[PDB]
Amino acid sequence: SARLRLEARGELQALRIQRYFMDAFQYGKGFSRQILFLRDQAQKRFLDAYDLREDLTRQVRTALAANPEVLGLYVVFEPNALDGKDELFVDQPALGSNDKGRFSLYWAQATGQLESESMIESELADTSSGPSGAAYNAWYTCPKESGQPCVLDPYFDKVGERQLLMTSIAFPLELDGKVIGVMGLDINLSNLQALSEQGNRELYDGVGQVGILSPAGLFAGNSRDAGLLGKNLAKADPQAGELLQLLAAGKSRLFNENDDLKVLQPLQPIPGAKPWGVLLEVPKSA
């Protein structure tokens, strides 16, 4: 019953990752609320859409710098749903406004140097397939179609002049029931790779390995290979479908394999999510 010790250690490493994502979901849940405070204060205070947009753009920047762990913060309202005056803001990026005057804002922190941008209608409608079978624009469309917050399998997006793999916690901005816009947080999958590593060393002094798996089976962290980021389980463990099927079922399993044991620890990143998972592999020696 030394299985139960690794079985236990596994639950400890999964809760480490669940805490990390939950801190972020809590942060964005507050802001998403805060956004809706500001927007309602302008309606009751009878304020200018220009004053609103300039603060909501300032507000977003300020919050991203507060969480050094978030790569970017984005707020996208539905056409004419923040101030009823998108036509008054066409092609004004410094106010979170785009090619059609829509509040589509993104601040990003690739360094503590922050850069912003307005996301044109073509980007918001990009349904390109990612490494998972998911739309590129799922950081906006998942929240809108559901009414609920969404964690996203790993995907590639351009924060500046580099292609970076990341995940996103996407939140709906509801008002009297309807989704009226979407806010979200983006996490560099290098920060989840680092959590892999960090946790592994709390795992028999890192003689083994710990990887994080997306519900699509992509690696969101591998303590042993960082080149396995954005790759299916099948690039490293075809011997996979059994694991990717059990994880979907929120089922744990210890496997007796060669000179090392192994455990899949299913985890719910954010409330209401499809199971994510930590894959342990400690040499049978330790």
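When you see a residue number, it is the position in the sequence shown, counting from 1.
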Q | Deposited residues lacking coordinates between residue 239 and residue 240 (none, 1 to 3, 4 to 9, 10 or more) | A | 1 to 3
Q. How many residues that are in the deposited sequence but not in the model lie between residue 111 and residue 112: none, 1 to 3, 4 to 9, or 10 or more?
A. 1 to 3
Q) Higher mean Cα B-factor in the deposited model: 85-93 or 100-108? A) 85-93
Q.
Please compare 201-209 with 177-185 and name the stretch with the higher mean C-alpha B-factor in the deposited structure.
A. 201-209
Q: Tell me which of 57, 41, 32, 232 tops the list for C-alpha B factor in the record.
A: 232
Q.
According to the Cα B-factor stored in this entry, which of the following is highest: 63, 52, 70, 228?
A. 228
(Q) By the recorded C-alpha temperature factor, relative to the other modelled residues in its chain, which third is residue 159 in? (A) highest
Q: Name the third of the chain's ranked CA B-factors that contains residue 255, choosing lowest, middle or highest.
A: highest
Q. Taking the entry's C-alpha B-factors for this chain, is residue 36 in the lowest, middle or highest third?
A. lowest
Q | Chain thirds of CA B-factor: placement of residue 28 | A | lowest
Q. Comparing residue 263 with the other modelled residues of its chain, is its CA B-factor in the lowest, middle or highest third?
A. highest
